[PDB]
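Presented as structure tokens, the chain that follows is alone, the form deposited in one PDB entry.
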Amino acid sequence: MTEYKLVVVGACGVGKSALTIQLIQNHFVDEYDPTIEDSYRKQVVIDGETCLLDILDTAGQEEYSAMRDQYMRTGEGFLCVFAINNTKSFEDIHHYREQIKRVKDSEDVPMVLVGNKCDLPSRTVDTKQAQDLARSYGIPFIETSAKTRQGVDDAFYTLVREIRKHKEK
């Protein structure tokens, strides 16, 4: 079956691991070492297609930069995650967007912008500001909560749909 290589990127603390574990295992893990980087797999049906999601939960700097370049080149779509209560993590999206395009040497890379922790009333990034950024990139924007599961399937399944649209060209 088709496998989709997804990569979850974003500043430390935004909820990359929590989102991935919620997607894969259907529970909220509120404490997971920020320095652990690992891949997870799940076989799902998306729009009638039985497929495999092969998801890299990134954790930032690698032993060697070649390891980062390798996962960006092999990755097919990227969840660019910020936390709605951390403005610096939102600003960091500019860096991730650029770095992925730079490594893949492509202006057309499937991505989805994810604003996580939307169960918290505490918010420094309003939806309008995040929509502005996603509009500038021409990518979807989804607010999520790894805690409540809101938006979680939508974020990952939308990324698969973005990969499909890229492939058909």
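For every residue, the number given is its place in the sequence shown, counted from 1.
- In this entry, 19 to 27 has the higher mean Cα B-factor, the comparison being between 148 to 156 and 19 to 27.
- Remark: stretch with higher mean C-alpha B factor among 28 to 36 and 65 to 73 is 28 to 36.
- Highest C-alpha temperature factor among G115, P121, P110, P140 per the entry: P121.
- Considering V44, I100, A134, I55 together, the PDB entry gives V44 the largest C-alpha B factor.
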